[PDB]
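Notes follow once the structure below has been shown.
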Amino acid sequence: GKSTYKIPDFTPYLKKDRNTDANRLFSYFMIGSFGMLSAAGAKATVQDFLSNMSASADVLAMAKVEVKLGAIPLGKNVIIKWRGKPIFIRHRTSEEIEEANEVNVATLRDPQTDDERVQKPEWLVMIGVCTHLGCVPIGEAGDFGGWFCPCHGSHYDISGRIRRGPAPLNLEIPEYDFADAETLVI
Amino acid sequence: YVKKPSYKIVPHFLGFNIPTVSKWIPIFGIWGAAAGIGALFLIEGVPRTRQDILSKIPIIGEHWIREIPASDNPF
Amino acid sequence: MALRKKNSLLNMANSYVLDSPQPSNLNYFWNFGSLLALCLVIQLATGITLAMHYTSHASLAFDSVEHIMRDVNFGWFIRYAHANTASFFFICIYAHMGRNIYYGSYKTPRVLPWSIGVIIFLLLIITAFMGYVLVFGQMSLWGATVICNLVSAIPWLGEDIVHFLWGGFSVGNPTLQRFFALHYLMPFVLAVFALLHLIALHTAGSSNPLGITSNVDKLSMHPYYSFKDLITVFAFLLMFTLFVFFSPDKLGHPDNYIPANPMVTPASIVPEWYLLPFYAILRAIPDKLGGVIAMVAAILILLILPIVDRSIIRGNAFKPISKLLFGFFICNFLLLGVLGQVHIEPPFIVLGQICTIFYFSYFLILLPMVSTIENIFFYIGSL
Amino acid sequence: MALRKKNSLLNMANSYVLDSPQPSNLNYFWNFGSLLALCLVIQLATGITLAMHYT
Amino acid sequence: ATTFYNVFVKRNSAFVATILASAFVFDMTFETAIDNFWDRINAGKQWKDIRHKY
Amino acid sequence: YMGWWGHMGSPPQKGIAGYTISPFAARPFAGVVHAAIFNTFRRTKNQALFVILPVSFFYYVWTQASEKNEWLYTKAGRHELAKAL
Amino acid sequence: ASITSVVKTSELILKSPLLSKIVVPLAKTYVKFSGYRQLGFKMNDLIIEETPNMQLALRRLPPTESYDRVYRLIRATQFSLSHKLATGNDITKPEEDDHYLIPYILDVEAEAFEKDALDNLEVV
Amino acid sequence: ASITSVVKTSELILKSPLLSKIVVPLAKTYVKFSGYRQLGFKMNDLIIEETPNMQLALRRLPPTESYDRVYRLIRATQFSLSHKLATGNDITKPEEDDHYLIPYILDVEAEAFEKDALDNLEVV
Ligand code: HEM
Ligand code: HEM
Ligand code: HEM
Ligand SMILES: CCCCCC[C@H]1C(=O)O[C@H](C)[C@H](NC(=O)c2cccc(NC=O)c2O)C(=O)O[C@@H](C)[C@@H]1OC(=O)CC(C)C
Ligand SMILES: CCCCCC[C@H]1C(=O)O[C@H](C)[C@H](NC(=O)c2cccc(NC=O)c2O)C(=O)O[C@@H](C)[C@@H]1OC(=O)CC(C)C
Ligand SMILES: CCCCCCCCCCCCO[C@@H]1O[C@H](CO)[C@@H](O[C@H]2O[C@H](CO)[C@@H](O)[C@H](O)[C@H]2O)[C@H](O)[C@H]1O
Ligand SMILES: CCCCCCCCCCCCO[C@@H]1O[C@H](CO)[C@@H](O[C@H]2O[C@H](CO)[C@@H](O)[C@H](O)[C@H]2O)[C@H](O)[C@H]1O
Ligand SMILES: O=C1C(O)=C([C@H]2CC[C@@H](c3ccc(Cl)cc3)CC2)C(=O)c2ccccc21
Ligand code: FES
């Protein structure tokens, strides 16, 4: 009404324990719970929502591609589509296999011998996508006369091992089985 | 009698000095934990994160070892 | 008080395009900013128009672009205008960044518009690329593969991110439809950032070719620079017309008129003329992660010019040694461009590496050293 | 002077979402403006996402 | 109680770390708890409940 | 750092009288012939070395590299190419 | 970089007989080719001024020197936009290229760097 | 609409015996139900002030009246946000609901309307 030093009555609102740590802590428990549910909610929202961009159910459909081998002459490479990625199938000659078995495994970005790669020396089966950034190497070209990725100039071997250029790994080998000796499934 | 005040200038850079920064080292630690916890929490859904990180944790790790029975899996 | 000043909305326009006080001596290299604005407007107009005719589905995308060329009235114009302006956008943006580097526009107090600009430059690259992919010709599909595999460089999570960005195991329909969505979106984000870097610049005002303060002598943006910017608008449209109407395919790769075949990549892989410098950088480095880092770093390293230029003087008008260094840097960036489109063969492999080292050594070594020495030469030389 | 006031970009954000002086007695009907902003953000997020899938 | 405030709440770094770690725990336990609850209220209805016949 | 009309932030100016004439009163192309020839020659001459030096050097470098590359993929360049790979 | 840095380094060079013998002629040629004198500038007119420190130094200039600086910048801006060079009396002669500003900025920066140093003092 | 309009029209009504007999009682109940007095406002506190004319009128208020107006608006804003009504002495009693502002705005507008009229005078 008049004196400004008589603070208005605040007793209906004032907490007696206002200066305790228990008092602050309770309010922060509320703010923290709200932060915790916001964080759980955010994570759930972002996770579920962004998953729309992951491969849809219709895309996730597996191939099991079967290919003949009678067709394929010596000294040739085929390209079989499998899961949209190309599969290089080369019918390697005896002297090609020999050439592959030569390179000391020691000096190979990705050290592997042909024996590890093929399950049958006459059937180099690889996922024909370059391990650098993902082009498909042009076969028979190169400098190690296997495959050469034209995109950034990485050279693969007759084992499809990387020899020169940015590609870090050797051309991946799919899971393939010879059901017959004349047909493989991938 | 004292002829001159006795002091050195501590090395400093962009107005940070080692005394001050050393007091904040713990706090970066906690914020790094918060970033670690938070980042790992964000990618908990990523299958690789379960496979390689979360399923390896003792006791708790079994939360992330779930196999869909092959009877109910079209893929 | 004038309505243009009174009314809050008009006052914002006024402050940008009419009363904006500009230095009185900006030369023609200050015109790229408005050309980039014009490119951005052309791209939005032609782009939204192509979006009315283009089908994002991979089974139809390439054919919808042929339908645009062949059946839509003036479709040829709209398509070539969109494609060619994307090239002009990059000429203008390299010109604009060139201007900024030469005249020290990146120095205080303009580090913020510069740094926002570096992000606009990255967004333009991603926009233009995402737009390249929508044709779904041979180069389009392969470009998609490579850009979406740059995240494979990122260890562990990398491979999974790649699959997530493709929405598949390979670039296919899913990828093309999400590139369409984002290519439509990215330009509006880019226009926001373009606006923001102007708002950041509005605190300091434009730099000028002398690098001195212009606070002593300002000119209203209109009529002086409005009419000055028309000269380049018409000069730009003359060059635009020569490409769009007379040689619409000069700046294009033939291979993009082959529909995407995921089984072959063309033996002659050469990206857009404007990505060539960074592509040569990527080829130079023989490591996966290395190559990617270097290529991104070639853009991000522009962010450090504010630090590594130690000059007490803004820009190169008055620095003979810096101008020579800048000349060699620019020519090296053009050499990288050239090496981006030769075959990956001797001797250009080693040459590309030397040019890559020179590119980075400009920011890390030469600019800091030359700028230090010229400071001293100004002081000693004028005593 | 506070960064939020000094820096031109932050200062525009500041003027809208932080220091913006509002009347002290706005009731719940003043909340629709921000809900419309939230709807607009949801629509952009879900919309751009549907555009990634829609033909 | 002061101690609990001092450890987990006083430093914002610590408080945010605590909130995110709590969100982690909540997220994992809530998922599991609702899964079990959802299976109990829809018992015998869901594929997992009739799957055993096949 | 820059203000606006009225408070642009110029250090105080005194003693500069500026004079100009109306655009309608001036010939916009007065002395255009002189400028186009003599002034542009002056400005070009003064900047010539800053363009010529890097262009000529990188054109030389490109020329040498492109000539070597061409030569390596001839019959004569067989041996030098075999060493390079 | 700070003007202090530039000035101290220049003084190191001018001290060393060998260094000065090879650097002073280089720097004089550099300045001739720089060609700022052909727009009637003094070297110091070209120092970046959009900085707290420099704004403070420029406020410390005597009114005379300050007015003349404004004039030289206006005049140079006019030469620049006309694509002309100074002629006659407008060209800065080597004897007129005085470091009018260097003393002021060195004082400003001396204090600023002392302030930074003393903000980091440790009682022993 | 202008306050002048409202005031002149009100005076036409109060003049006419019939009109006042039927309108004054209506207007008094309208004001009771309006309920601005329950937030401690005088009628005049509710007049829109974001116009040139009203700003001028408010600047013309005597300091006392002006300070009291600020207080009533602050207090009413506080009632509003608390969703409480005035009680006791805060409720505006009919005798306190004085048109403190009407004389000032009528003078402002009188001049503004004379100005408009005289801007359109024709020498005969
Ligand atoms: C969409 C692309 C862009 C547009 C439309 C744009 C537009 C403009 C405009 C209109 C100006 C003011 C006038 C001018 O100086 O030309 C300007 C200035 C500037 N821009 Fe850009 N810009 C763009 C991209 C960039 C990029 C990529 C950078 C930096 C990497 C950049 C950095 C700057 C800087 C530093 C300035 C201040 C330069 C100065 O006036 O001294 N801009 N821009
Ligand atoms: C910076 C703005 C833009 C740039 C740099 C840009 C760049 C490009 C490029 C390089 C292409 C490849 C063109 C070709 O070779 O055919 C393209 C295609 C396309 N752009 Fe854009 N674009 C931009 C803005 C937009 C916008 C706003 C839209 C709105 C949808 C759009 C829609 C399209 C469409 C539909 C295509 C594919 C049809 C075609 O190839 O012509 N673009 N864009
Ligand atoms: C104000 C913002 C928006 C409003 C009010 C709005 C409204 C709607 C509505 C009513 C539909 C019909 C939905 C249905 O019944 O299925 C729809 C569909 C669609 N909207 Fe939006 N939308 C908005 C923003 C956007 C934006 C930014 C995009 C970006 C592309 C977008 C993309 C779509 C797409 C692709 C569809 C068709 C797919 C569908 O029906 O779900 N929308 N929108
Ligand atoms: C209509 C009001 C909306 C405000 C934004 C619109 C545009 C705007 O501000 O235009 C101005 C004309 C501006 N030029 C300059 O600053 C300028 C300054 C100095 C010298 C010259 N030239 C020299 O000889 C200039 O050209 C310009 O071209 O910048 C665009 C990019 C702006 O677009 C945006 O940021 C929004 C979006 C369209 C990118
Ligand atoms: C981030 C920098 C850009 C600035 C714009 C961002 C948004 C912005 O200004 O936020 C504010 C929070 C604003 N609300 C208010 O003014 C506000 C004022 C009084 C009371 C309440 N509520 C009462 O209880 C309010 O909520 C709001 O919701 O407006 C959005 C629409 C704005 O977005 C845009 O316009 C851009 C686009 C997303 C629509
Ligand atoms: C910056 C943010 C960090 C990156 C964000 C990560 C985006 C993608 C991460 C996870 C998305 C896919 O990850 C996957 O998410 C879906 C939900 O969406 C979960 O799926 C689980 O919950 C959903 C409902 O919630 C059920 O339909 C499903 O049967 C069940 O397995 C998977 O258990 C998880 O492995
Ligand atoms: C979501 C995309 C939107 C991006 C645009 C981002 C910002 C949103 C609006 C900015 C455009 C107008 O914002 C502009 O900023 C200035 C300076 O802060 C504001 O100015 C406001 O705050 C300043 C200081 O805080 C006061 O002196 C002034 O009285 C007040 O009007 C104005 O509101 C407006 O003229
Ligand atoms: O191998 C490549 C390749 O490397 C790029 C490159 C070059 C520019 C790169 C880039 C430059 C700068 C930034 Cl900030 C980001 C990416 C993007 C990838 C392509 O655009 C390309 C297009 C078509 C087929 C193959 C390719
Ligand atoms: S893409 Fe295979 S070499 Fe880089």
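Residue numbers start at 1 in each chain; chains themselves are named A, B, ... in the order of the structure tokens; ligands are numbered from 1 in the order shown.
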
Test item: residues no farther than 8 Å from ligand 7, counting only C-alpha atoms and all ligand atoms, as a PyMOL selection string = (chain C and resi 8+11-12+192+196) or (chain D and resi 5+8-16+19-20)

Could you take the residues named above and write them with N, CA and C atoms, as a tab-separated table (two decimals), in the first residue's frame?
chain	number	residue	atom	x	y	z
C	8	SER	N	8.50	-2.14	-42.24
C	8	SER	CA	9.52	-3.11	-41.84
C	8	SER	C	9.92	-4.03	-42.99
C	11	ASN	N	11.73	-2.18	-45.66
C	11	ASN	CA	12.99	-1.70	-45.12
C	11	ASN	C	14.06	-2.77	-45.23
C	12	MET	N	13.65	-4.01	-45.09
C	12	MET	CA	14.63	-5.06	-45.31
C	12	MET	C	15.03	-5.14	-46.77
C	192	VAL	N	19.00	-20.21	-48.90
C	192	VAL	CA	19.06	-19.73	-47.53
C	192	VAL	C	20.49	-19.36	-47.19
C	196	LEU	N	22.13	-15.93	-46.12
C	196	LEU	CA	22.81	-15.75	-44.86
C	196	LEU	C	24.18	-15.17	-45.11
D	5	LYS	N	24.00	-10.77	-29.13
D	5	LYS	CA	23.56	-9.46	-29.55
D	5	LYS	C	24.53	-8.87	-30.57
D	8	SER	N	25.72	-10.63	-36.10
D	8	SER	CA	24.55	-10.26	-36.88
D	8	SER	C	23.59	-11.44	-37.07
D	9	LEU	N	24.13	-12.62	-37.35
D	9	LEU	CA	23.25	-13.75	-37.59
D	9	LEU	C	22.54	-14.15	-36.29
D	10	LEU	N	23.31	-14.36	-35.21
D	10	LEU	CA	22.74	-14.74	-33.93
D	10	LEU	C	21.74	-13.70	-33.51
D	11	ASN	N	22.00	-12.43	-33.86
D	11	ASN	CA	21.17	-11.34	-33.39
D	11	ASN	C	19.79	-11.43	-34.02
D	12	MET	N	19.74	-11.90	-35.25
D	12	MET	CA	18.43	-12.10	-35.83
D	12	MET	C	17.70	-13.25	-35.15
D	13	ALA	N	18.38	-14.35	-34.86
D	13	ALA	CA	17.73	-15.46	-34.16
D	13	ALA	C	17.28	-14.99	-32.79
D	14	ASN	N	18.18	-14.30	-32.11
D	14	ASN	CA	17.95	-13.79	-30.78
D	14	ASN	C	16.68	-12.95	-30.79
D	15	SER	N	16.55	-12.11	-31.80
D	15	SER	CA	15.45	-11.19	-31.78
D	15	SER	C	14.12	-11.91	-31.97
D	16	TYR	N	14.14	-13.18	-32.38
D	16	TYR	CA	12.90	-13.86	-32.69
D	16	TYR	C	12.59	-14.88	-31.63
D	19	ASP	N	15.39	-13.08	-27.03
D	19	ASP	CA	15.13	-11.81	-26.38
D	19	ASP	C	13.82	-11.18	-26.82
D	20	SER	N	13.12	-11.77	-27.79
D	20	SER	CA	11.94	-11.10	-28.33
D	20	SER	C	10.99	-10.67	-27.20

Residues at most 12 Å from stretch 39-46 of chain F, counting only C-alpha atoms, excluding those fewer than 3 positions away in the same chain, as a PDB file with N, CA, C and O atoms, in the first residue's frame?
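Written out: part.pdb:
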ATOM      1  N   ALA C 317      45.844  -6.357 -54.543  1.00  0.00           N
ATOM      2  CA  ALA C 317      46.089  -5.290 -55.502  1.00  0.00           C
ATOM      3  C   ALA C 317      47.497  -4.730 -55.330  1.00  0.00           C
ATOM      4  O   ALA C 317      48.152  -4.360 -56.307  1.00  0.00           O
ATOM      5  N   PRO C 320      52.718  -7.331 -55.214  1.00  0.00           N
ATOM      6  CA  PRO C 320      53.241  -8.044 -56.365  1.00  0.00           C
ATOM      7  C   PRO C 320      53.586  -9.498 -56.104  1.00  0.00           C
ATOM      8  O   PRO C 320      53.293 -10.330 -56.949  1.00  0.00           O
TER       9      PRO C 320
ATOM     10  N   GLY F  31      36.025  10.773 -74.444  1.00  0.00           N
ATOM     11  CA  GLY F  31      37.376  10.238 -74.382  1.00  0.00           C
ATOM     12  C   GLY F  31      37.405   8.713 -74.336  1.00  0.00           C
ATOM     13  O   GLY F  31      38.355   8.134 -73.815  1.00  0.00           O
ATOM     14  N   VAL F  32      36.387   8.079 -74.932  1.00  0.00           N
ATOM     15  CA  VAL F  32      36.252   6.632 -74.899  1.00  0.00           C
ATOM     16  C   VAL F  32      37.329   6.001 -75.777  1.00  0.00           C
ATOM     17  O   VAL F  32      37.860   4.964 -75.409  1.00  0.00           O
ATOM     18  N   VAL F  33      37.658   6.659 -76.892  1.00  0.00           N
ATOM     19  CA  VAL F  33      38.642   6.205 -77.861  1.00  0.00           C
ATOM     20  C   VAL F  33      40.001   6.193 -77.190  1.00  0.00           C
ATOM     21  O   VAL F  33      40.700   5.189 -77.234  1.00  0.00           O
ATOM     22  N   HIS F  34      40.350   7.325 -76.584  1.00  0.00           N
ATOM     23  CA  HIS F  34      41.580   7.436 -75.833  1.00  0.00           C
ATOM     24  C   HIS F  34      41.674   6.362 -74.749  1.00  0.00           C
ATOM     25  O   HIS F  34      42.705   5.704 -74.602  1.00  0.00           O
ATOM     26  N   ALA F  35      40.606   6.206 -73.970  1.00  0.00           N
ATOM     27  CA  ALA F  35      40.614   5.239 -72.883  1.00  0.00           C
ATOM     28  C   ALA F  35      40.726   3.813 -73.417  1.00  0.00           C
ATOM     29  O   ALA F  35      41.476   3.010 -72.875  1.00  0.00           O
ATOM     30  N   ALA F  36      39.912   3.492 -74.427  1.00  0.00           N
ATOM     31  CA  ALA F  36      39.830   2.135 -74.936  1.00  0.00           C
ATOM     32  C   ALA F  36      41.193   1.708 -75.466  1.00  0.00           C
ATOM     33  O   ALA F  36      41.516   0.530 -75.436  1.00  0.00           O
ATOM     34  N   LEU F  49      52.497  -9.514 -66.711  1.00  0.00           N
ATOM     35  CA  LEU F  49      53.430 -10.524 -66.233  1.00  0.00           C
ATOM     36  C   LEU F  49      52.771 -11.472 -65.237  1.00  0.00           C
ATOM     37  O   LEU F  49      53.159 -12.632 -65.172  1.00  0.00           O
ATOM     38  N   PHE F  50      51.776 -10.971 -64.490  1.00  0.00           N
ATOM     39  CA  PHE F  50      51.050 -11.735 -63.485  1.00  0.00           C
ATOM     40  C   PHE F  50      50.166 -12.810 -64.103  1.00  0.00           C
ATOM     41  O   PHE F  50      49.771 -13.761 -63.430  1.00  0.00           O
ATOM     42  N   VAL F  51      49.852 -12.641 -65.381  1.00  0.00           N
ATOM     43  CA  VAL F  51      49.083 -13.642 -66.088  1.00  0.00           C
ATOM     44  C   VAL F  51      50.027 -14.492 -66.919  1.00  0.00           C
ATOM     45  O   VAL F  51      49.922 -15.712 -66.907  1.00  0.00           O
ATOM     46  N   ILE F  52      50.937 -13.826 -67.631  1.00  0.00           N
ATOM     47  CA  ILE F  52      51.787 -14.503 -68.586  1.00  0.00           C
ATOM     48  C   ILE F  52      52.664 -15.522 -67.869  1.00  0.00           C
ATOM     49  O   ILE F  52      52.734 -16.653 -68.329  1.00  0.00           O
TER      50      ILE F  52
ATOM     51  N   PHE G  33      57.207  -1.561 -57.198  1.00  0.00           N
ATOM     52  CA  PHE G  33      56.335  -2.373 -58.019  1.00  0.00           C
ATOM     53  C   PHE G  33      54.950  -2.496 -57.404  1.00  0.00           C
ATOM     54  O   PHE G  33      53.997  -2.742 -58.138  1.00  0.00           O
ATOM     55  N   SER G  34      54.850  -2.357 -56.074  1.00  0.00           N
ATOM     56  CA  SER G  34      53.570  -2.493 -55.391  1.00  0.00           C
ATOM     57  C   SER G  34      52.572  -1.524 -55.993  1.00  0.00           C
ATOM     58  O   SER G  34      51.439  -1.889 -56.307  1.00  0.00           O
ATOM     59  N   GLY G  35      53.050  -0.287 -56.124  1.00  0.00           N
ATOM     60  CA  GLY G  35      52.407   0.722 -56.936  1.00  0.00           C
ATOM     61  C   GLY G  35      51.306   1.410 -56.153  1.00  0.00           C
ATOM     62  O   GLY G  35      50.439   2.041 -56.757  1.00  0.00           O
ATOM     63  N   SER G  80      40.639   4.630 -58.460  1.00  0.00           N
ATOM     64  CA  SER G  80      40.396   3.233 -58.687  1.00  0.00           C
ATOM     65  C   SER G  80      39.174   3.077 -59.586  1.00  0.00           C
ATOM     66  O   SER G  80      39.163   2.260 -60.503  1.00  0.00           O
ATOM     67  N   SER G  82      37.832   5.080 -61.636  1.00  0.00           N
ATOM     68  CA  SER G  82      38.021   5.645 -62.968  1.00  0.00           C
ATOM     69  C   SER G  82      39.053   4.859 -63.781  1.00  0.00           C
ATOM     70  O   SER G  82      39.250   5.139 -64.964  1.00  0.00           O
ATOM     71  N   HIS G  83      39.762   3.933 -63.121  1.00  0.00           N
ATOM     72  CA  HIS G  83      40.869   3.178 -63.672  1.00  0.00           C
ATOM     73  C   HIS G  83      41.957   4.118 -64.146  1.00  0.00           C
ATOM     74  O   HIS G  83      42.555   3.841 -65.175  1.00  0.00           O
ATOM     75  N   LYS G  84      42.163   5.235 -63.436  1.00  0.00           N
ATOM     76  CA  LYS G  84      43.279   6.128 -63.710  1.00  0.00           C
ATOM     77  C   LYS G  84      44.319   5.977 -62.617  1.00  0.00           C
ATOM     78  O   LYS G  84      44.055   5.432 -61.550  1.00  0.00           O
ATOM     79  N   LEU G  85      45.515   6.475 -62.895  1.00  0.00           N
ATOM     80  CA  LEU G  85      46.502   6.558 -61.838  1.00  0.00           C
ATOM     81  C   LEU G  85      46.649   8.023 -61.443  1.00  0.00           C
ATOM     82  O   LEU G  85      46.257   8.917 -62.192  1.00  0.00           O
TER      83      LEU G  85
END

Closest of H:10, H:96, H:42, H:54 to residue H:70 - atom-to-atom distances counting only C-alpha atoms | H:42

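Within 12 Å of residue C:237, once only C-alpha atoms are used and residues closer than 4 positions along the same chain are dropped, the contacting residues are residues 35, 38, 39, 42, 81, 84, 85, 88, 230, 231, 232, 233, 241, 242, 243, 244 and 245 of chain C.
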
Go ahead and write the residues just picked, N, CA, C and O atoms, as a PDB file, in the first residue's frame.
ATOM      1  N   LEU C  35      25.486 -12.411 -60.606  1.00  0.00           N
ATOM      2  CA  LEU C  35      25.269 -13.467 -61.576  1.00  0.00           C
ATOM      3  C   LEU C  35      24.927 -14.757 -60.879  1.00  0.00           C
ATOM      4  O   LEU C  35      24.151 -15.491 -61.430  1.00  0.00           O
ATOM      5  N   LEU C  38      21.417 -14.612 -60.293  1.00  0.00           N
ATOM      6  CA  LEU C  38      20.679 -14.890 -61.508  1.00  0.00           C
ATOM      7  C   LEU C  38      20.716 -16.375 -61.883  1.00  0.00           C
ATOM      8  O   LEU C  38      19.710 -16.926 -62.311  1.00  0.00           O
ATOM      9  N   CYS C  39      21.871 -17.026 -61.737  1.00  0.00           N
ATOM     10  CA  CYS C  39      21.940 -18.443 -62.013  1.00  0.00           C
ATOM     11  C   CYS C  39      20.985 -19.133 -61.073  1.00  0.00           C
ATOM     12  O   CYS C  39      20.291 -20.042 -61.475  1.00  0.00           O
ATOM     13  N   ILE C  42      17.553 -18.708 -62.361  1.00  0.00           N
ATOM     14  CA  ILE C  42      17.298 -19.496 -63.553  1.00  0.00           C
ATOM     15  C   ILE C  42      17.146 -20.966 -63.191  1.00  0.00           C
ATOM     16  O   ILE C  42      16.313 -21.674 -63.762  1.00  0.00           O
ATOM     17  N   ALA C  81      18.852 -25.236 -70.700  1.00  0.00           N
ATOM     18  CA  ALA C  81      19.094 -24.059 -69.917  1.00  0.00           C
ATOM     19  C   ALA C  81      19.455 -24.523 -68.530  1.00  0.00           C
ATOM     20  O   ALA C  81      20.357 -23.962 -67.927  1.00  0.00           O
ATOM     21  N   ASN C  84      22.967 -26.078 -68.647  1.00  0.00           N
ATOM     22  CA  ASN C  84      24.065 -25.208 -68.964  1.00  0.00           C
ATOM     23  C   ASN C  84      24.242 -24.207 -67.853  1.00  0.00           C
ATOM     24  O   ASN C  84      25.363 -23.806 -67.567  1.00  0.00           O
ATOM     25  N   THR C  85      23.138 -23.769 -67.274  1.00  0.00           N
ATOM     26  CA  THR C  85      23.283 -22.818 -66.197  1.00  0.00           C
ATOM     27  C   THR C  85      24.002 -23.475 -65.033  1.00  0.00           C
ATOM     28  O   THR C  85      24.679 -22.795 -64.286  1.00  0.00           O
ATOM     29  N   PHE C  88      27.393 -22.637 -65.803  1.00  0.00           N
ATOM     30  CA  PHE C  88      27.683 -21.230 -65.626  1.00  0.00           C
ATOM     31  C   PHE C  88      27.711 -20.889 -64.155  1.00  0.00           C
ATOM     32  O   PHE C  88      28.467 -20.019 -63.756  1.00  0.00           O
ATOM     33  N   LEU C 230      23.381  -5.128 -64.588  1.00  0.00           N
ATOM     34  CA  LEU C 230      22.765  -5.466 -65.865  1.00  0.00           C
ATOM     35  C   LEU C 230      23.780  -5.731 -66.960  1.00  0.00           C
ATOM     36  O   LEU C 230      23.501  -6.548 -67.823  1.00  0.00           O
ATOM     37  N   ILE C 231      24.904  -5.016 -66.963  1.00  0.00           N
ATOM     38  CA  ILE C 231      25.856  -5.275 -68.019  1.00  0.00           C
ATOM     39  C   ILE C 231      26.251  -6.733 -67.939  1.00  0.00           C
ATOM     40  O   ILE C 231      26.346  -7.382 -68.969  1.00  0.00           O
ATOM     41  N   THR C 232      26.522  -7.226 -66.738  1.00  0.00           N
ATOM     42  CA  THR C 232      26.960  -8.602 -66.722  1.00  0.00           C
ATOM     43  C   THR C 232      25.789  -9.542 -66.912  1.00  0.00           C
ATOM     44  O   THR C 232      25.994 -10.604 -67.469  1.00  0.00           O
ATOM     45  N   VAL C 233      24.583  -9.161 -66.485  1.00  0.00           N
ATOM     46  CA  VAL C 233      23.442 -10.004 -66.799  1.00  0.00           C
ATOM     47  C   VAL C 233      23.384 -10.234 -68.302  1.00  0.00           C
ATOM     48  O   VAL C 233      23.245 -11.373 -68.722  1.00  0.00           O
ATOM     49  N   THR C 241      23.234 -17.880 -74.125  1.00  0.00           N
ATOM     50  CA  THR C 241      22.594 -18.095 -75.406  1.00  0.00           C
ATOM     51  C   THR C 241      23.500 -18.882 -76.338  1.00  0.00           C
ATOM     52  O   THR C 241      23.039 -19.787 -77.013  1.00  0.00           O
ATOM     53  N   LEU C 242      24.790 -18.561 -76.370  1.00  0.00           N
ATOM     54  CA  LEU C 242      25.664 -19.299 -77.266  1.00  0.00           C
ATOM     55  C   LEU C 242      25.733 -20.776 -76.909  1.00  0.00           C
ATOM     56  O   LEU C 242      25.879 -21.620 -77.792  1.00  0.00           O
ATOM     57  N   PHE C 243      25.618 -21.097 -75.623  1.00  0.00           N
ATOM     58  CA  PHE C 243      25.677 -22.498 -75.262  1.00  0.00           C
ATOM     59  C   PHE C 243      24.315 -23.118 -75.449  1.00  0.00           C
ATOM     60  O   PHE C 243      24.181 -24.102 -76.157  1.00  0.00           O
ATOM     61  N   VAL C 244      23.311 -22.481 -74.884  1.00  0.00           N
ATOM     62  CA  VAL C 244      22.007 -23.089 -74.871  1.00  0.00           C
ATOM     63  C   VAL C 244      21.461 -23.282 -76.278  1.00  0.00           C
ATOM     64  O   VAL C 244      20.895 -24.337 -76.557  1.00  0.00           O
ATOM     65  N   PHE C 245      21.668 -22.315 -77.165  1.00  0.00           N
ATOM     66  CA  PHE C 245      20.978 -22.415 -78.436  1.00  0.00           C
ATOM     67  C   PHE C 245      21.874 -22.986 -79.519  1.00  0.00           C
ATOM     68  O   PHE C 245      21.362 -23.543 -80.495  1.00  0.00           O
TER      69      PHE C 245
END

Going by DSSP on the backbone, which bits of stretch 37-143 of chain A are alpha helix (DSSP H)? Write them as number ranges by chain, please.
-> A: 37-50, 94-100, 114-117

List every residue of chain D that has an atom at most 9 Å from any atom of chain C, and for each one report the closest atom pair and its distance in Å to one decimal, counting only C-alpha atoms, with rows sorted by chain and then by increasing residue number, as a Markdown table.
| residue | atom | partner | partner_atom | distance |
| --- | --- | --- | --- | --- |
| D:7 | CA | C:200 | CA | 8.4 |
| D:8 | CA | C:200 | CA | 6.2 |
| D:9 | CA | C:200 | CA | 6.3 |
| D:48 | CA | C:181 | CA | 6.4 |
| D:49 | CA | C:181 | CA | 7.9 |
| D:50 | CA | C:181 | CA | 8.7 |
| D:51 | CA | C:181 | CA | 5.5 |
| D:52 | CA | C:178 | CA | 4.2 |
| D:53 | CA | C:177 | CA | 6.2 |
| D:54 | CA | C:177 | CA | 7.6 |
| D:55 | CA | C:57 | CA | 6.1 |
